[PDB]
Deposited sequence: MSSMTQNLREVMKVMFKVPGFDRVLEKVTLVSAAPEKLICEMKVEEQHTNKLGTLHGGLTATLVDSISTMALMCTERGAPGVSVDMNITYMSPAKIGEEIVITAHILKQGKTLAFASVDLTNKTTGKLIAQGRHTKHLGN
């Protein structure tokens, strides 16, 4: 689905691309120098923020304020890797909505991190 994720000017690291269904929301990003941490592997500074938006992003399609968010990291991503990022509206409820993102390594398949996120509507 064609448009693109054009909230991206002024905390904003869109360097990220796409593929949009209902309650689901693929994107992709190539880890670069700016994205990374003390080591080479993008830290979850970025990852978090990435789960924040693209969740919220994937949601302004069906937008709220954050509430709770949690992230578990399980694989590094190196500078130079290209990664995909899947978002899935889990629940859309009256006052609250729930969403769950998966960040994998494209080349590898391998799961990098996985984080859930709740926001408040109204």
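- [ ] Numbering from 1, run down the deposited sequence and write out every stretch that has no C-alpha in the structure.
- [x] Comparing the full sequence with the modelled residues, the uncovered ranges come out as 1-12, 23, 76-79, 140.
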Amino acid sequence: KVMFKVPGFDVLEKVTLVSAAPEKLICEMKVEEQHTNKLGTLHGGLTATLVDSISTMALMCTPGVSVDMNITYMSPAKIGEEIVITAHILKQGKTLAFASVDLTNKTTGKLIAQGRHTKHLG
From here on, numbers count along this sequence of modelled residues.
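Open item on the list: Averaging CA B factors per stretch from the PDB record, which one is higher: 65-73 or 24-32?
Closed with: Higher of the two, by average CA B-factor, is 24-32.
Open item on the list: Averaging CA B factors per stretch from the PDB record, which one is higher: 111-119 or 1-9?
Closed with: Result of the comparison: 1-9.
Open item on the list: If I read the C-alpha B-factors straight from the PDB entry, which of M60, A97, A87, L46 is highest?
Closed with: Result of the comparison over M60, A97, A87, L46: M60.
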